[PDB]
């Protein structure tokens, strides 16, 4: 089974233009995330599933913050740690999203720990401005920084 999630730009003032979609499919080796995105800054970007199915801004962190409404990283086991797709932390930690020099992301990625679409229903798929070193050191949540794009999983 699979599901298509449309992604949009987010700012501290709301949700912007659509930048494509990501389709998620259940495979023998876990959930596969096959992006078809454009208009993204080239480089590697933090890619995680957040706890709430909302991309709206919220005023937490000395002001308004883009898609802050989605809460933290999905973690139903309350591990409290950020360790990556192959770690034992947040269940929502996905391998990083690599954007090419044309500003597109088209390479599929796998999360072996996720096994069913049922597990991520009504959650938010997020893309960060910063990367992800899959650790809380030396920067929290892998140095992801601000939220750049977001989509809600129906």
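Residue numbers count along the first chain shown, from 1.
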query: Selected stretch [higher average CA B-factor]: 83-91 or 60-68; finding: 60-68
query: Stretch exceeding the other in mean C-alpha B-factor - 125-133, 51-59; finding: 51-59
query: Options 30, 35, 46, 41 - largest CA temperature factor per the record; finding: 30
query: Residue with maximal Cα B-factor (values as given in the PDB entry) among 119, 107, 26, 102; finding: 119
query: Residue 149 by Cα B-factor - lowest, middle or highest third of the modelled chain; finding: middle
query: Chain-relative CA temperature factor third for residue 19; finding: lowest
query: Chain thirds of CA B-factor: placement of residue 140; finding: middle
